[PDB]
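Okay, structure first, notes after.
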Amino acid sequence: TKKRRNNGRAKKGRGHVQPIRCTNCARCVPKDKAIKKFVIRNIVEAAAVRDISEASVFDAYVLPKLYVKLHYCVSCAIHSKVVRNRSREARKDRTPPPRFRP
Amino acid sequence: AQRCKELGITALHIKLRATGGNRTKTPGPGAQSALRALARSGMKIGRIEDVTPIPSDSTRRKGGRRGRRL
Amino acid sequence: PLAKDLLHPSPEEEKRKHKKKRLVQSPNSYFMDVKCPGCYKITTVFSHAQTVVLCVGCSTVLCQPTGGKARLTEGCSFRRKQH
Amino acid sequence: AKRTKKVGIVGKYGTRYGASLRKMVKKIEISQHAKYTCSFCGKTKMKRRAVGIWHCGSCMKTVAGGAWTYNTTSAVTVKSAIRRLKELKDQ
Amino acid sequence: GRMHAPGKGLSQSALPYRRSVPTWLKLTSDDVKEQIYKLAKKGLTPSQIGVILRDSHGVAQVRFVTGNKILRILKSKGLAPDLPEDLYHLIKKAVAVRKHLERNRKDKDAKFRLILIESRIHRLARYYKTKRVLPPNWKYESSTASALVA
Amino acid sequence: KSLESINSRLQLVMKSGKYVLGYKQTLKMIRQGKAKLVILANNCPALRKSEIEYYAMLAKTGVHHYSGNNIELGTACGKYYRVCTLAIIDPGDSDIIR
Amino acid sequence: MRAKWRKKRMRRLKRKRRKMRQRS
Amino acid sequence: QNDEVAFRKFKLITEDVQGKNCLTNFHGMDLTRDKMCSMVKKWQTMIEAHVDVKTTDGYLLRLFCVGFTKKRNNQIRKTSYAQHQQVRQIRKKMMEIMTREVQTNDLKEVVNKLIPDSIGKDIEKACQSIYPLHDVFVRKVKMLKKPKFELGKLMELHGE
RNA sequence: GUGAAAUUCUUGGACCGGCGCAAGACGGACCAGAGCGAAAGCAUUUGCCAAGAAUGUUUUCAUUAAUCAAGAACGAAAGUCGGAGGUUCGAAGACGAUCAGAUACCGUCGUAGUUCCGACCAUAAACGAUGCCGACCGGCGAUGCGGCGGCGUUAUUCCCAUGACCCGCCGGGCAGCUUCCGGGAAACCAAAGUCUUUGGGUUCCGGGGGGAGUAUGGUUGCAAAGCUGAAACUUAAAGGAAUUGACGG
Ligand SMILES: [Mg+2]
Ligand SMILES: [Mg+2]
Ligand SMILES: [Mg+2]
Ligand SMILES: [Mg+2]
Ligand SMILES: [Mg+2]
Ligand SMILES: [Mg+2]
Ligand SMILES: [Mg+2]
Ligand SMILES: [Mg+2]
Ligand SMILES: [Zn+2]
Ligand SMILES: [Zn+2]
């Protein structure tokens with residue numbers, strides 16, 4: 001049974017997509033098929049900010065961040081629970097999960 | 001903190017580095033603890049910069065195209 | 001719109017339609033009387049001219065070829081001919 | 001007609017010396033006995049005289065070249081490399 | 001659909017239903033015909049003639065104003081080229097592709113295009129042989145191509 | 001862009017204007033004064049290059065040094081032989097300026 | 001058997017068959 | 001500097017030392033990692049150019065420029081992509097106005113003009129007619145060779 | 001380095017931090033249900049060489065066309081030969097682990113190979129598991145290219161262009177959402193529709209499962225193998241889509 005009309009990848013008008021390596025298990029996955037993370041994390045912990053601010057020589061010192069682009073095969077993506085198997089109806093939508101900002 | 005204090009150093013510019021290359025770019029759990037303890041031990045923190053090796057395009061990553069099976 | 005009037009469409013949509021797909025094939029171009037300044041004669045120019053048109057006597061370029069429509073040089077008048 | 005199917009010039013060796021050795025020497029003998037165009041006069045008269053020696057029958061110009069080919073791919077890249085180093089030597 | 005391409009382009013020229021000569025065209029039949037003679041003697045193909053006459057002399061269709069087509073006019077005087085223009089340009093393109101292909105051996109794309117161009121050459125030539133435009137023994141040979149054209 | 005232009009213009013010199021091919025004929029037209037442009041292949045013997053250049057200095061005619069060789073100056077002229085030197089009597093194509 | 005390995009086993013059988021035929 | 005930006009970094013190789021003080025001259029400039037990474041966003045096109053330029057002083061430097069396309073305030077389309085020919089025109093434009101600003105003057109004028117990075121400012125302004133660029137800086141500069149290390153030329157830039 | 005270790009490297013400084021040099025790979029982020037190409041496939045800058053779709057056209061020829069046995073071109077990766085070069089990775093292999101056993105999964109090293117040139121081979125889940133050309137049959141919002149229009153903003157300048165936006169329209173595409181158009185065994189598909197109300201044109205190809213893509217013959221190749229391709233015999237099912245339950249390290 002054809003599970004997804006998308007065929008599990010973004011390849012629509014192409015014929016071949018150059019592969020990447022899974023950042024976790026180093027598996028060759030097509031670039032448009034692997035699940036991509038872009039995490040903009042604080043360079044320090046959420047509880048270490050207060051300690052660093054005391055020892056910062058600059059009073060108005062902006063906090064640098066970390067820019068990491070992760071790529072995952074669906075094996076490592078499911079194993080790390082970054083994606084989950086969804087119902088037949090719930091599979092179709094492509095909206096990202098809510099950010100839980102408030 | 002003890003060696004720097006007894007050698008006459010009071011502030012530091014922390015330069016973080018992960019494994020880099022084609023390997024992991026996320027620093028391990030030791031990054032947060034070592035950075036936090038340096039400031040809490042009575043030492044100043046200035047500019048923090050990243051020197052993680054980020055290739056334009058590296059060589060082939062070790063493991064094979066089927067990955068590290070587990 | 002099961003009761004669309006295919007025999008008598010008002011020309012607003014016909015002008016909107018593609019030239020081949022109209023009720024009767026009507027071209028989207030014309031001929032314009034281009035009048036460059038500094039002279040006295042009228043030069044006939046195709047509205048979609050693919051060449052740099054020049055007069056018999058004028059040493060002045062009137063239009064330049066682009067994608068769809070002839071690009072008149074600045075300052076030159078143009079008049080339609082019988083629509 | 002086409003008198004042989006695949007041996008070509010090394011049909012003179014008969015069945016001897018092995019198929020791969022006749023095949024290996026076939027391309028060398030074709031180029032060694034070929035007539036190259038002279039770059040000095042334009043006539044296709046530049047033929048090998050001895051090993052490493054090439055001579056044009058028309059303009060009587062002798063040049064030093066490869067053993068079997070008129071000029072080896074080694075020396076071609078060498079002459080280009082020397083020219084780039086010369087233009088680098090001055091400015 | 002294109003003969004040798006997976007395209008379905010509709011880019012054409014929609015001739016108007018108006019068959020009448022425009023009243024603002026004061027050029028007469030002999031005026032157009034001498035213009036055809038002058039430009040052909042300059043060295044312009046019939047396709048190049050019609051675009052120039054339409055753009056500069058403002059003529060709708062040469063068939064409308066003179067009662068005959070440009071190629072028929074050219075051959076009646078007798079100065080028309082012996083090879084048909086489209087066949088000439090196909091052969092001329094094939095010579096350019098062949099010249100580029102011998103310089104660059106590894107151009108597998110160009111070698112693919114050469115077969116496509118030459119197929120159009122041999123099919124068009126067959127049509128012209130049926131209409132007796134070309135001699136029955138005419139043939140497009142790759143060796144003689146660079147000579148017969150240009 | 002100069003080499004692609006001179007190839008097409010030399011083609012226009014043929015079948016439009018009068019030319020002459022070969023070294024012995026070129027000298028005759030140079031010393032007669034009716035030569036206008038002399039084109040020499042880079043394959044030319046160096047003695048012949050300087051001799052034609054000296055002749056053209058006396059005749060006040062220009063010398064173009066073709067960036068080909070005598071093999072493909074023949075192809076440029078539209079011939080099936082090698083031409084090493086040629087002279088143009090009258091262009092017929094404005095490759096030379098009045 | 002996985003069909004790829006059944007294909008490979010058939011190949012090794014075919015190479016053995018060719019050797020025994022060429023021998024005679 | 002006093003009140004400049006913080007993401008720029010400079011190499012300052014030492015060249016001569018006397019007494020108990022070391023005297024350093026310019027060696028190269030490099031934008032910091034998190035600023036460079038933050039500039040790279042989706043739905044926009046970046047343009048990176050490099051050029052080998054020689055100062056009047058005899059110093060050979062590799063100038064890298066990075067420029068990102070800018071989406072408009074009223075722009076509704078998600079993407080702001082420059083066509084390949086437009087990218088080529090922008091790259092050539094910011095190559096010749098980068099080698100002009102360095103070939104004309106000496107090392108001193110280049111260094112204190114890239115301290116506020118005036119080059120990227122005029123690069124952005126000259127490109128506003130083709131495609132609006134906003135995130136334009138000088139990515140990096142490195143020194144390929146040095147002219148003999150004259151003692152007098154170092155002392156004057158360290159003094160009056 | 002690992003789940004834990006260990007084979008391994010190290011007071012000759014192993015690892016680490018700085019400065020250089022050399023070599024060979026690969027072109028991240030930008031990079032998209034985006035583009036191009038007949039497919040395979042194609043991503044640092046610039047230059048050259050030819051090629052092509054689409055668009056615009058009141059340019060030209062005037063049936064020149066669609067599909068196509070035989071024939072031919074190109075064809076991922078792996079593999080073969082010859083010549084270079086070999087950084088990293090890495091079949092075979094070795095060692096350490098794990099295990100009842102472990103010729104494996106994990107780790108250290110490591111040959112062929114992985115890169116370039118030339119010559120082969122012609123196979124992939126070469127997939128959209130879905131022939132090509134043509135027409136007709138819903139709607140909507142987008143996107144790439146070209147073109148035609150239009151409030152206004154922006155870049156220069158004093159104004160048009162000219163770019164960058166905003167609102168539309170046309171054609172050609174990659175797609176997407178929705179629909180009791182219709183179909184279908186359903187999954188689903190605007191094509192897999194216009195099919196018992198069965199016929200637009202034309203190629204290839206299947207006849208229960210195995211035996212079998214096997215044997216043999218022919219043919220191609222250096223070889224590995226590729227193309228064409230059975231039979232005896234055996235069997236009542238093998239399969240497809242969905243439903244319910246059970247089970248899941
Ligand atoms: Mg399943
Ligand atoms: Mg594929
Ligand atoms: Mg697992
Ligand atoms: Mg291969
Ligand atoms: Mg080899
Ligand atoms: Mg290793
Ligand atoms: Mg059909
Ligand atoms: Mg059966
Ligand atoms: Zn993984
Ligand atoms: Zn000679």
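Quick note on labels: first sequence line is chain A, next is B, and so on, each numbered from 1. These values consider heavy atoms only, across backbone and side chains, with no hydrogens, waters or symmetry-generated copies.
A salt bridge does not link H:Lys70 with H:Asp135: none of the charged nitrogens is closer than 4.0 Å to a carboxylate oxygen. A salt bridge is defined here as a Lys NZ or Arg NE, NH1 or NH2 lying under 4.0 Å from an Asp or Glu carboxylate O, and C:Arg16 with C:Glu13 fails to meet this definition. For H:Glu96 and H:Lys93, the salt-bridge test fails: no basic side-chain N is under 4.0 Å from an acidic carboxylate O.
Listed by chain and number, the residues in a salt bridge (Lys or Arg N to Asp or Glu O under 4.0 Å) with A:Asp93 are A:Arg86 (sequence neighbours excluded). A:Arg9 is linked by a salt bridge (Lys or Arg N to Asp or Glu O under 4.0 Å) to A:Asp32, counting only residues two or more places apart in sequence or in another chain.
Remark: I:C74 does not pair with I:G17, failing the Watson-Crick or G-U wobble criterion at under 3.5 Å for both atom pairs. With both hydrogen-bonding distances under 3.5 Å, I:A119 and I:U80 qualify as a Watson-Crick or G-U wobble pair. Taken together, I:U59 and I:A185 fail the test for a Watson-Crick or G-U wobble pair, since the two needed distances are not both under 3.5 Å. I:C9 and I:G71 make neither a Watson-Crick nor a G-U wobble pair with both donor-acceptor distances under 3.5 Å. Between I:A155 and I:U162 there is a base pair of the Watson-Crick or G-U wobble kind, both donor-acceptor distances falling below 3.5 Å. For I:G37 with I:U244, the Watson-Crick or G-U wobble criterion does not hold with each of the two distances under 3.5 Å. Between I:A242 and I:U103 there is no Watson-Crick or G-U wobble pairing whose two distances both come in under 3.5 Å. Taken together, I:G173 and I:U143 meet the test for a Watson-Crick or G-U wobble pair: both N-N or N-O distances fall under 3.5 Å. A canonical Watson-Crick pair (purine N1 to pyrimidine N3 plus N6-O4 or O6-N4) or a G-U wobble (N1-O2 and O6-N3), each contact under 3.5 Å, is present between I:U202 and I:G131. Base pair annotation for I:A43 with I:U130: unpaired, by the Watson-Crick or G-U wobble rule (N1-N3 plus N6-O4 or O6-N4, or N1-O2 plus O6-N3, under 3.5 Å).
Here, I:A62 and I:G163 have their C1' atoms 43 Å apart, quoted to the whole Å. Using P as the reference atom, I:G107 and I:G213 are 37 Å apart when rounded to the nearest Å. For I:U103 and I:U114, the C1' atoms lie 26 Å apart once the distance is rounded to whole Å. The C1' atoms of I:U143 and I:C68 are separated by 37 Å, rounded to the nearest whole Å. Here the separation of I:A51 from I:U67, taken at their P atoms, is 24 Å to the nearest Å.
Counting atom types as modelled, C:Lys69 pairs no side-chain N or O with a base atom of I:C148 as donor and acceptor under 3.5 Å. One can find a donor-acceptor pair under 3.5 Å joining the base of I:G56 and the side-chain atoms of E:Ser11. Between the base of I:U58 and the side chain of C:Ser29 there is a donor-acceptor pair shorter than 3.5 Å. Counting distance only, with no hydrogens placed and no angle test, the side-chain atoms of A:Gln18 and the base atoms of I:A43 include a donor-acceptor pair under 3.5 Å.
Within the nucleic acid shown, H:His27 comes within 4.0 Å of sugar-phosphate atoms alone, with no base atom in reach, counting heavy atoms only. Using a 4.0 Å heavy-atom criterion, one finds that E:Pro84 contacts no nucleic acid atom at all. Counting non-hydrogen atoms under 4.0 angstrom, H:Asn73 reaches nothing in the nucleic acid. Base contact: C:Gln50 has a heavy atom under 4.0 Å from a base atom. Looking at heavy-atom distances under 4.0 Å, A:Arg88 makes contact with sugar-phosphate atoms alone, never a base. Note on H:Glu48: a base of the nucleic acid sits closer than 4.0 angstrom, heavy atoms only. Note on F:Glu4: nothing from the nucleic acid sits closer than 4.0 angstrom, heavy atoms only. Using a 4.0 Å heavy-atom distance criterion, A:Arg14 is classed as a base contact. Within the nucleic acid shown, E:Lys106 comes within 4.0 Å of sugar-phosphate atoms alone, with no base atom in reach, counting heavy atoms only.
Atom CZ of A:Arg5 and atom P of I:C188 are 12 Å apart (whole Å). The CZ-P distance, from H:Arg77 to I:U153, rounds to 20 Å in whole Å. Put simply, CG on G:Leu13 is 8 Å from P on I:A215, counting in whole angstrom units. When rounded to the nearest whole Å, the span between NZ of H:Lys92 and P of I:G163 equals 16 Å. Nucleotide I:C30 holds its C1' atom 12 Å from the CZ atom of H:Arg139, rounded to whole Å.
Scanning all heavy atoms of the two residues, the minimum distance from H:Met94 to H:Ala49 falls at CE-CB, 3.6 Å.
Identified under the salt bridge (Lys or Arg N to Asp or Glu O under 4.0 Å) test for residues 109-122 of chain E, with sequence neighbours left out: E:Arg98-E:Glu118, E:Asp109-E:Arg113. Residue pairs meeting the salt bridge (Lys or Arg N to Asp or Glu O under 4.0 Å) criterion with at least one member in residues 33-48 of chain H, sequence neighbours excluded: H:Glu48-H:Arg139.
With a 5.5 Å centre cut-off and a 30° plane cut-off, the bases of I:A191 and I:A192 come out unstacked. Classification of the I:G226/I:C227 step: stacked, the six-membered rings being closer than 5.5 Å at their centres and less than 30° apart in plane orientation. For I:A43 and I:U44, a centre-to-centre distance below 5.5 angstrom together with a plane angle below 30 degrees is not found for the six-membered base rings. Stacking between I:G128 and I:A129 does not hold, since their six-membered rings do not have both centres below 5.5 angstrom apart and planes below 30 degrees.
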>> One character per nucleotide, please: for nucleotides 60-73 of chain I, 5' to 3', B when the base has a protein heavy atom closer than 4.0 Å, S when only the sugar-phosphate does, - otherwise.
In response: SSBSBSS------S

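Nucleotide I:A237 carries a north-puckered sugar, as indicated by a positive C1'-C2'-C3'-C4' torsion. A positive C1'-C2'-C3'-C4' dihedral is found for the sugar of I:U115, placing it in the north range. Nucleotide I:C49 carries a north sugar pucker, as its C1'-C2'-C3'-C4' torsion angle is positive. Sugar pucker annotation for I:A122: south, assigned from a negative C1'-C2'-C3'-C4' dihedral.
Taking the six-membered ring wherever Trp is involved, the centroid distance between the rings of H:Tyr81 and H:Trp43 does not fall below 6.0 Å.
No side-chain N or O of A:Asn6 forms a donor-acceptor pair with one of A:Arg91 less than 3.5 Å apart.
With a glycosidic angle more than 90° from 0, I:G209 adopts the anti conformation. Under the 90° criterion around 0 for the glycosidic angle, I:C222 counts as anti.
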Donor-acceptor pairs under 3.5 Å, side chain of residues 54-65 of chain E to any protein atom, not counting sequence neighbours: which ones?
residue : atom : partner : partner atom : Å
E:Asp55 : OD2  : C:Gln50 : N            : 2.9
E:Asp55 : OD2  : C:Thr51 : N            : 3.4
E:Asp55 : OD2  : C:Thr51 : OG1          : 3.2
E:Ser56 : OG   : E:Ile52 : O            : 3.4
E:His57 : NE2  : E:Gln35 : OE1          : 3.0
E:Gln61 : OE1  : E:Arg63 : NH2          : 3.1

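OP1 or OP2 of I:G17 lies within a sub-4.0 Å distance of a side-chain N or O belonging to B:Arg17.
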